[PDB]
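Residue numbers (the numbering used here), protein chains in the order written: chain F, 698 to 790; chain W, 936 to 1030; chain A, 239 to 337; chain C, 239 to 337; chain S, 3 to 110; chain L, 253 to 361; chain P, 7 to 88; chain R, 7 to 88.
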Amino acid sequence: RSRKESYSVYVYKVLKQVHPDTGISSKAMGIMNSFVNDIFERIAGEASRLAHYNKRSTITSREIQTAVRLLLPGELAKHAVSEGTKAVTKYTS
Amino acid sequence: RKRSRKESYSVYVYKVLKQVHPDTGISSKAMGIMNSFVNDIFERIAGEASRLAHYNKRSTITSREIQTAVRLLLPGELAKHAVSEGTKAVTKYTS
Amino acid sequence: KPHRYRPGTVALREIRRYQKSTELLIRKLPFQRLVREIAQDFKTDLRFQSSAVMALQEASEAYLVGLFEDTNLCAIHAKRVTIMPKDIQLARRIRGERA
Amino acid sequence: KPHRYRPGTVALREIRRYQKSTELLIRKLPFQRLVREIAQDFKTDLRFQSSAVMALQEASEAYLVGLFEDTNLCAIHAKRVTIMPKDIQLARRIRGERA
Amino acid sequence: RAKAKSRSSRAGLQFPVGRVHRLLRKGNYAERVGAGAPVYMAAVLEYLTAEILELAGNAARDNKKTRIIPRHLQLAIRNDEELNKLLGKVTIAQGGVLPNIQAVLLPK
Amino acid sequence: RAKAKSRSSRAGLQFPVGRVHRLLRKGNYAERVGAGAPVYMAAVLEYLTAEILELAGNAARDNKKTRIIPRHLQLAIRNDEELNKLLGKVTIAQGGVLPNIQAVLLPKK
Amino acid sequence: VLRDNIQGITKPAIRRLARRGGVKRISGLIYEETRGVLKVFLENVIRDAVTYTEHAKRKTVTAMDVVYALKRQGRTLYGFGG
Amino acid sequence: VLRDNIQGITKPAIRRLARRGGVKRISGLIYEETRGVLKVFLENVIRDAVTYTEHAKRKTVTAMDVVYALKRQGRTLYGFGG
DNA sequence: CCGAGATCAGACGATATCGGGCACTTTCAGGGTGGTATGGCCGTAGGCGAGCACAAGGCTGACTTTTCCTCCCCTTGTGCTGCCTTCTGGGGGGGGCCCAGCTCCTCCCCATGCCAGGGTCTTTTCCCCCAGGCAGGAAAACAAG
DNA sequence: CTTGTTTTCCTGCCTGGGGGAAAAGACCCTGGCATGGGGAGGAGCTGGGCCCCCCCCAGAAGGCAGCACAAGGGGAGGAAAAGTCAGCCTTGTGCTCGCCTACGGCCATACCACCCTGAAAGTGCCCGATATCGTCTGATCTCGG
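What follows is the structure, given as structure tokens:
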């Protein structure tokens, strides 16, 4: 007997925060977990390539920010960078 | 003080060149291109093997992963010959 | 004499009906029988998850729709509405699948 | 009257000349100025390694040469010889730059 | 933050900072992973989550439906110009296509 | 074959098995790298290099040149069908393009 | 399934696929041309997936093998795991 | 080098690029479209090259930055390193 | 502009199936402590990137002729669409079976980590040969009688 | 079909500049030894993929009428192309400066590793309540007269 992990306990908590009236189907939850798994790999791979290019051995926040800037379109990158910076600033202090 | 040293495949590309075509040289720009080609297909095969070993929850990259990455990345005859030469090299290195 | 629809109207109605839908437009068994035929030349006695054959179907059906969405533009560029094999070949070559 | 060539033979002569060669067709300085003007919108007081500008020129010329091959195919598909901006738009849309 | 609680609550997110850190550490991306990288990633992912869920809920409400299906996600992604650029080579299963007919193929 | 020498000469390759092993180790591909993975890659890369350096040598001999220039490599790559597939999205600096004229754009009778 | 199931993709099915792409009129050779195009693409996918299947020392082709084969070709697929 | 430098890729240069591309005849509106296309492509590549330069905490855009930016968009360039 | 006829749209009864919530657990995240090693900071140097005269000459910008290519209109017949009828086979339910994929326990051969040592790879000189340039000659397409 | 007219290839001579070999060094690969740990292998369980059977009715296949669109042909004009002629701005050379990137040395604090506990979430169970089907009209679109 084994258990699996997914972003289903967390997508359904953002869905009930942004639209607290609509639900979601199992197939939609699977698609929306595949989306998170794809974007995570994209950003992580780009940050890894950046760190390897700059001869660094540590993936900091300034590598994730650069990966986000490279990977997302204009407004998406502008809002994602600000959200990440706010989260980091509140987490640190 | 000293200048940091750089590394490239320009000693082995020329060795292979003098084996397959003894009398022709290679220009500097052509050697620079052949240096990026080897790095490119090295990175492609290494990344494919890494993802391959992650899919089956393996921690070791092996000749099996390299062979499967070669079979996944190259066209038909190229993959056939590359797999055969790699298998021969591994068999000779072990025997 | 009975009532008849002029050509083109039924085609547009079908376009509107199939663009608002989501269902699979290829029968499942004839596609599974083709997948289990293509896989034999690569490896014999292969088993196939129903999820795997469904993934193959919903990938091929999005490939073919996306290809016809380019063949239509290739037909319109030639001042046509009928789509011909030359249009598909041009679309694929420009995409890069034929070079 | 003096000797004059028929329209369309110098075009093929130029095609063969510029296909047999490997030179760069855009003059270096006007492209360098273009690159420097473009990069200022991103960040001011930007220095460029000469190899970086040369790499940008080679990539841009390769891009344009490859795009004109897709444009000529569209122009031939439309039963034409002359390429027009609609051909470039169709080629870019199909290859995936305009969607 | 001075309060000693979970790292997602400490950052104000709804995504798992701990498991994002574990995935960054065990995915073999670099020899070392900083402490703020998981926080940044679990805030970019949670924003990209709410950018698609909001539009999919809008699409669901536009069709008198109280549940989000793959069709709603596809409609949102393909109708939003930025998300269609991000997921431009992504096939949403059971999503269909946008309703679109060329103006030349309509009766005159 | 059993020897106490370089691992490249132990396997019969002109490419550095040690360097390929080190690049795999410090490339963040996997935690562990087997013993036969660098030997396999140093032979796949060597075979591909030999293929291209033979086709480009043939192209250079077809142009009465003793030296290989980027145009010769471009000609070899774009004239080999199975190599053009491997390098279909690759630009060769100062490589030019394959000479070709469409049959429509030619003089008629 | 051994012989000649490429004709299991009936002409009405190809017409429906064309209609979903906005096609108003279809010639009489699009069907054969599309069957060829379908086979060429399926041959690539059900080969890149069987490669994973024999790399895992398995005889069943799981949905993850197909998903990875599609992802490696640039055609990422959402909904079938991952 | 501040204003109106796109009119440096002159009509003869665009004509030579098309001649190398195999184009036998060119319409007179092709040049103002090829200029927009080149500007868009360069604005896409330099936007990533400058991002790499800023991340490296540098003030000079390097050939490695350009090569990596080109590689990112599936336009790998051989010859300048990497 | 006029009236039929087909087709889509809205709405209410209802029925099942699937989303959503509650409890057990079990397994992974978090707190505390140690240790070290990577990255930040200061200082130095010089390499290379930027800026400026100065040709000259090759390249670009503009005007003329005109030819031929694009564009439009006409007409035909052919291939495509639309509807009807037949019949087949895909979809669905129900049952049986056996193989293959997942899990667990042993341990053992393989990969890793660290030190000593040299042999292979890197950088600087240099020179001689191959490639570039150029002038004169022959050949080869091209177009107008 | 010829002759005249440009453009291109060929060949010999001159030259220069860059590639291949040699020399010194330094740095990383290899050999040796000790150690943990992942995976190879042998069982076991059981989930699911395969095979079979029976039924139906929904959809594909063939055909017929007929019509509208692809395609060939003719005419018109306008707009690129080819060829001169004038100027301009690119490029190559040379000279100057200083800014920025890379290297070296030092250290401090941030991240890995390890030890435990608890709480988050993963799974299973259950219930209600929304999406769909079905029938009935109502509105709208299409096409002949």
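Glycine included, C-beta positions come from ideal geometry on N, C-alpha and C.
Does the beta-carbon distance from residue i to residue j come in below 8 Å?
i                   : j                   : result
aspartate 54/R      : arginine 78/R       : yes
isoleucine 79/S     : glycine 28/P        : no
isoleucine 980/W    : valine 285/L        : no
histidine 324/L     : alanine 311/L       : yes
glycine 34/P        : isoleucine 728/F    : no
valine 273/A        : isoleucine 52/P     : yes
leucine 302/A       : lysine 65/P         : no
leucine 83/P        : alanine 293/A       : yes
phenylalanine 267/L : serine 260/L        : yes
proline 351/L       : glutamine 257/C     : yes
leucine 262/A       : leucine 23/P        : no
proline 323/C       : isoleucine 36/R     : yes
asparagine 50/P     : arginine 271/A      : no
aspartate 308/A     : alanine 337/A       : no
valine 56/R         : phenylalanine 280/C : yes
Using the three-state DSSP reduction, which class does residue i fall into: helix, strand or coil?
i                   : result
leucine 769/F       : coil
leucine 23/P        : helix
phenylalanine 286/A : strand
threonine 320/A     : strand
residue 3/R         : Look at the range of chain R in this structure, 7 to 88, and you will see that residue 3/R is not part of it.
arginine 31/R       : strand
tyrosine 84/P       : strand
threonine 763/F     : helix
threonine 789/F     : helix
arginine 78/R       : helix
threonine 757/F     : coil
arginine 9/P        : coil
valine 99/S         : coil
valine 273/A        : helix
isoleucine 70/S     : strand
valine 67/P         : strand
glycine 720/F       : strand
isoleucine 344/L    : strand
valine 303/A        : helix
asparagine 315/L    : coil
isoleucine 326/A    : helix
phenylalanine 47/R  : helix
Roughly how far, in whole angstroms, is the beta-carbon of residue i from the beta-carbon of residue j, given that I think they are within contact range, below 8 Å?
i                : j                : result
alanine 52/S     : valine 711/F     : 5 Å
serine 289/A     : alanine 69/P     : 4 Å
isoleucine 314/C : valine 356/L     : 5 Å
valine 46/S      : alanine 13/S     : Incorrect: roughly 12 Å between the Cβ atoms, too far for contact.
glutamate 56/S   : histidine 716/F  : 7 Å
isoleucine 961/W : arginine 319/L   : 7 Å
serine 705/F     : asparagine 730/F : 6 Å
Around the C-beta of residue i, are 16 or more other C-beta atoms found within 10 angstroms, so that it is buried, or is it exposed?
i                : result
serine 258/L     : exposed
residue 249/L    : Any answer about residue 249/L is impossible in this case: the structure gives chain L only from 253 up to 361.
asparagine 331/L : exposed
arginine 255/A   : exposed
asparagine 315/L : exposed
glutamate 780/F  : buried
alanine 6/S      : exposed
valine 46/R      : exposed
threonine 282/C  : exposed
>> Quick check on the DSSP output: what are the complete alpha helix (DSSP H) runs of length 4 or more inside the region 281-313 of chain L, in order along the chain?
In response: Runs found: 289-313.
>> Quick check on the DSSP output: what are the complete alpha helix (DSSP H) runs of length 4 or more inside the region 722-750 of chain F, in order along the chain?
In response: Counting only runs of 4+ residues, the alpha helix (DSSP H) found wholly inside the region 722-750 of chain F occupies 723-750, in chain order.
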